[PDB]
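Bear in mind these aren't lab numbers, they're just calculated from the coordinates by the rules spelled out. So basically every Cβ, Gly included, is an ideal-geometry build from the backbone, and we count neighbours across all protein chains shown.
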Amino acid sequence: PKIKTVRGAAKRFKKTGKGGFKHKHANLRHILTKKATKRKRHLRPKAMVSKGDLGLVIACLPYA
Amino acid sequence: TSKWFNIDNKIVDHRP
Amino acid sequence: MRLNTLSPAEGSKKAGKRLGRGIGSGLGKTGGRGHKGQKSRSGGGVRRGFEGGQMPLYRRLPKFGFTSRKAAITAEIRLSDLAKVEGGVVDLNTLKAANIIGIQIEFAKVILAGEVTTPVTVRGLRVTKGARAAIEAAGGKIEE
Amino acid sequence: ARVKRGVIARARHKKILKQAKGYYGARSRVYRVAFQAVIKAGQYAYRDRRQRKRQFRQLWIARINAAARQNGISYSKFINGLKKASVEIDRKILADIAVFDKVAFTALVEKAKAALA
Amino acid sequence: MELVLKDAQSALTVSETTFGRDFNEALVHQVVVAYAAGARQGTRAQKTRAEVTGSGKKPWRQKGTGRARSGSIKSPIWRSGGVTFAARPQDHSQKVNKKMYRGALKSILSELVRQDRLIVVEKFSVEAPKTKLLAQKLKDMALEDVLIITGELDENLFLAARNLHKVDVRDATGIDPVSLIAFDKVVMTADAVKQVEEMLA
RNA sequence: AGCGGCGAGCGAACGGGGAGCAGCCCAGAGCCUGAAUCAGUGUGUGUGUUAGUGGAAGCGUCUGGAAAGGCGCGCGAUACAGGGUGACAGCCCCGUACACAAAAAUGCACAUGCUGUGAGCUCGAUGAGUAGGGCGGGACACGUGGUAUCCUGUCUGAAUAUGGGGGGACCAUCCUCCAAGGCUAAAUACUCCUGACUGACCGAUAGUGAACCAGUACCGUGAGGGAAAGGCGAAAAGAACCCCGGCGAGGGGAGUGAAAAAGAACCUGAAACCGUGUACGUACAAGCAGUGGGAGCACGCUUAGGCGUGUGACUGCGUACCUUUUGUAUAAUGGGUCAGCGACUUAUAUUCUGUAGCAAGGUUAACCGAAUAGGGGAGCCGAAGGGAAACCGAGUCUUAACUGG
Ligand SMILES: N[C@@H](Cc1c[nH]c2ccccc12)C(=O)O
Ligand SMILES: [Mg+2]
Ligand SMILES: [Mg+2]
Ligand SMILES: [Mg+2]
Ligand SMILES: [Mg+2]
Ligand SMILES: [Mg+2]
Ligand SMILES: [Mg+2]
Ligand SMILES: [Mg+2]
Ligand SMILES: [Mg+2]
Ligand SMILES: [Mg+2]
Ligand SMILES: [Mg+2]
Ligand SMILES: [Mg+2]
Ligand SMILES: [Mg+2]
Ligand SMILES: [Mg+2]
Ligand SMILES: [Mg+2]
Ligand SMILES: [Mg+2]
Ligand SMILES: [Mg+2]
Ligand SMILES: [Mg+2]
Ligand SMILES: [Mg+2]
Ligand SMILES: [Mg+2]
Ligand SMILES: [Mg+2]
Ligand SMILES: [Mg+2]
Ligand SMILES: [Mg+2]
Ligand SMILES: [Mg+2]
Ligand SMILES: [Mg+2]
Ligand SMILES: [Mg+2]
Ligand SMILES: [Mg+2]
Ligand SMILES: [Mg+2]
Ligand SMILES: [Mg+2]
Ligand SMILES: [Mg+2]
Ligand SMILES: [Mg+2]
Ligand SMILES: [Mg+2]
Ligand SMILES: [Mg+2]
Ligand SMILES: [Mg+2]
Ligand SMILES: [Mg+2]
Ligand SMILES: [Mg+2]
Ligand SMILES: [Mg+2]
Ligand SMILES: [Mg+2]
Ligand SMILES: [Mg+2]
């Protein structure tokens, strides 16, 4: 049988040009009044998955 | 089957 | 050249691991699994993305975005394909007939990649700035 | 393709047992006990190559000591005299002479005593 | 190359890339091995412990019997128990890319010409389907172990050579690397040369 | 794509390439003849099926119990597939390629009678407790969610061709189809059974549980469970007769046989285990039983030189193997021993390495092909990225814009 993609991981990571994965930063869903604006601004843009996690991410997405 | 001194309780439970 | 004078190339036929066949093979007894534990059990192991009970990365990060069916049905076209099309007139159905794009792509675009040296007419496709300059330099025509 | 193991199994077991010829009882009959004996025989053989070198040097020292003390000097002073007179006859040959040619050993003891004196 | 006939003592021109490339033994070996693997039938099966006839009753109770515990009479350890990893009917064929197959045939034909095991003749036929007549004609040509390729399938030649086990007769389209390598001499008619060079391009 | 304690997992369709192709009837009246098409029942022609017939071509010599083997010399082949024959046979036998054969029964495809059935044309009609709705469930990849669509247990309930359904909440426009009646070959699924052929399938602890009078013996009240056990020799020529013995069992002669070192407990005949004979050692000597040194004794010797083989008095060192452990002589685990069996495999998908082909290209899948060839480029991966997305594109996004990032 074909390998099955982990669908939650497919919804949360997209692949980039050189083979990395981009993801959205955590901690920007609520409690935003007491979070500071500098912290929220730096949490706003998308980021890259690190070296400690690329292995798990690729193992969850065989078809990306 | 099994030995009666293994089925018994006073000698099997000898060191509780 | 007989049936018993043919041999494969060097290094092309490395033989597989044979686990558990004595001390000297280096894979005897446990066979590369260590001592005890879930990973040496037969059929043992964890699933993908398991981190020992800590919340996995694909569940502590937030989801984002949505999916566009227009992006699913739109393709992009190289200038090399633009030259490879047959007939000298570049339309959606001509590209489909020349197998540049599949049958369900409705919108197409020509991008600056490769090079064009044959004067061709583009009709009914969006064209980027660099591709328009390259086609007009090569001596073509861009319709609307 | 099914493989039957009778011929190879018999060959390996007979190789071990032919090595274990001469041992007491099940160590020369029974394959398991014979295999445990042949490995130990090899370990002892390796260790005893080393110990053979040690034991034979020990025996030569004892014989040189006895002959030198018969000729009126101790082994340590005899060897000091030879190393001071720069004679390089080793202990194997010195014990050989000390047994078979007593006059030559008398000459060597006199040379060592002259070198010390 | 140029191929020199012997019945007509003439010359025939053939392609550089078809009859004059080097012998690439790794490709030729891969295609020969794949031909044998595709020739495999692979019909066999053994019974696992799911399939041996028997019951699922535990042979004796778990504790207290004094025997090493057992849970099924069909265990692969036991005598008359199933096979542990019992084989099933499987497909032994391998894929060869078309360009690798064509390269292997070109290398084989080039090596045949290089070692001079390929005899080109103008016409090759027998009058009547008589194996004696074909054997006499091959003894005249001084050939024993021969693969004879012919452009058109001839019924008389095929019936004549059906019984000689060192002589095979093939049509142009049906040549294969194992037969070309195995047979000692190969006899090409001119029509077969044209058809082979055409299909090899 | 979607569904999903948005977890584990489940997972389409649109569209594209093939295999195969076939359309009709009632809800109703009239002209017309019973016409197309289907079933049964007969009758002819082919093809089979159930018995079968013919089917080529070798001798001499040597070893050998025996020739099919060695050596020499011939012949057949639309037949050198296979089996048997005293060792391995194209030419000894049964066969095979090929050419034929059916009194009788029957299958199929035609053609043709009878029975039943009706086609063609015109006009008309267009399946009501139904569609839909409320409540509860179920099926759709879709877990009630914004949920389309299908089915219905309960309660209701239209329009009906000037009409109605669907197009994924819903409304409007447009497109496309006509529910509430039914019939229909092929491509497709399987093998208790029959025949032929095949096998990088097994070869008596294997292969069916079962090569043998096996679902037997035996076990259980019963459902049910469920074995072990193949081989003399080419041919029984299977040991006439004599002797010991209980008118035994068993044996020794004789005899057959190539061989009884094949005698029916029968090809070969391993190991554990049990003995008989010979050489050496051992009755003042302490322990994983060996190893290093080593005298003597006995037997072979072929440079008369010591060597080789068997033993081993005495002697230095020396607490088994596996496992599991920080650590085992461990008084922790396992094993009475021998022999046979017993544990990282297979299929599909994905990434990395090596190697081989082609190279900005590579490669086909299903299927056709008698075809491991050839066709098939449907597709898939790659040559372009950025963004959530529209979109822009060697750029893009962020932002009102970047010196920027
Ligand atoms: N020992 C006694 C009693 C007995 C029978 N079965 C037993 C089982 C467990 C203990 C004791 C018993 C006997 O043999 O008759
Ligand atoms: Mg928010
Ligand atoms: Mg190791
Ligand atoms: Mg542990
Ligand atoms: Mg273990
Ligand atoms: Mg571990
Ligand atoms: Mg398991
Ligand atoms: Mg295409
Ligand atoms: Mg076998
Ligand atoms: Mg013995
Ligand atoms: Mg079995
Ligand atoms: Mg192909
Ligand atoms: Mg005959
Ligand atoms: Mg003969
Ligand atoms: Mg024989
Ligand atoms: Mg209707
Ligand atoms: Mg309803
Ligand atoms: Mg509704
Ligand atoms: Mg409806
Ligand atoms: Mg609707
Ligand atoms: Mg059996
Ligand atoms: Mg046997
Ligand atoms: Mg009974
Ligand atoms: Mg008798
Ligand atoms: Mg025999
Ligand atoms: Mg026997
Ligand atoms: Mg024996
Ligand atoms: Mg004493
Ligand atoms: Mg004594
Ligand atoms: Mg003692
Ligand atoms: Mg000691
Ligand atoms: Mg450890
Ligand atoms: Mg402990
Ligand atoms: Mg210790
Ligand atoms: Mg003890
Ligand atoms: Mg212990
Ligand atoms: Mg334990
Ligand atoms: Mg024990
Ligand atoms: Mg893009």
For q = 0.10, 0.12 Å⁻¹, what log10 I(q)/I(0) does the protein assembly as shown give under the Debye formula with an equal point scatterer on each alpha carbon and no solvent?
-> -1.19, -1.29
Roughly what would the spin-label model give for E:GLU152 and E:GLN136, points 7 Å off Cα along C-beta, in nm?
-> 2.5
Work out the mean other chain Cβ neighbour count within 10 Å for the residues of A:44-51 and drop it here as an integer.
-> 1
Based on Cβ point charges of +1 for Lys and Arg and -1 for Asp and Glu, what charge dipole magnitude is obtained for region C:1-129 about its Cα centre, in debye rounded to the nearest 20?
-> 1340
In Å and whole numbers, how far do the C-alpha atoms of chain C stretch along each principal axis, longest first?
-> 76, 63, 26
Along the dipole axis of the protein assembly as shown (charges at Cβ: +1 for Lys and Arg, -1 for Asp and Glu; origin at the Cα centre), the most positive-end residue among E:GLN90, C:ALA9, E:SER72 is E:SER72
What are the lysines whose alpha-carbon lies under 17 Å from the alpha-carbon of A:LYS14, with same-chain residues fewer than 8 places away excluded?
-> A:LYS4, A:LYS22, A:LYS24, A:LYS46, A:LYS51, C:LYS63
Is there a pair in D:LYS4/E:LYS58; E:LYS6/E:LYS185; A:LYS11/A:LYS34; E:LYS123/E:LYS185; D:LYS15/D:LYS40 whose C-alpha atoms are over 26 Å apart, and which pairs would that be?
-> D:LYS4/E:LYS58; A:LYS11/A:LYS34
What does the highest-first list of A:40-48, C:40-48 look like by mean Cβ count within 10 Å?
-> A:40-48, C:40-48
Only helical DSSP H runs with n ≥ 4 go in: add -39500 (n - 2.57) per run for the protein assembly as shown, normalise by residue count and round the 222 nm mean residue ellipticity to 500 deg cm²/dmol.
-> -12000 deg cm²/dmol
Antiparallel bridges, percent of DSSP beta bridges restricted to chain E (to nearest 5) | 20
Quotient of Cα Rg and 2.2 N^0.38 Å for chain E, N being how many residues it contains = 1.66
Within a Cβ distance under 14 Å of C:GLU143, other residues only, what is the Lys/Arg minus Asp/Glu net charge?
-> +1
Over all Cα pairs of chain D, how is the pair count split among 5 Å bins, expressed in % and running from 0 up to the last occupied bin?
-> 2, 10, 15, 13, 8, 6, 6, 6, 7, 7, 7, 5, 3, 2, 1, 1, 0, 0
Amide N of region D:1-20 lying under 16 Å from the label point, which is placed 7 angstrom from the Cα of E:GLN46 along Cα→Cβ = D:1-6
How much net charge surrounds E:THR13 when only other residues with a Cβ under 12 Å from its Cβ are counted (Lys, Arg +1; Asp, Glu -1)?
-> -2
Could you sort A:22-29, D:8-15, E:180-187 so that the peptide with the highest average Cβ count within 10 Å comes first and the rest follow in order?
-> E:180-187, A:22-29, D:8-15
Of E:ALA11, E:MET188, E:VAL121, farthest towards positive along the dipole that unit charges on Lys, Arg, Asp, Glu beta carbons give region E:2-200 | E:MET188
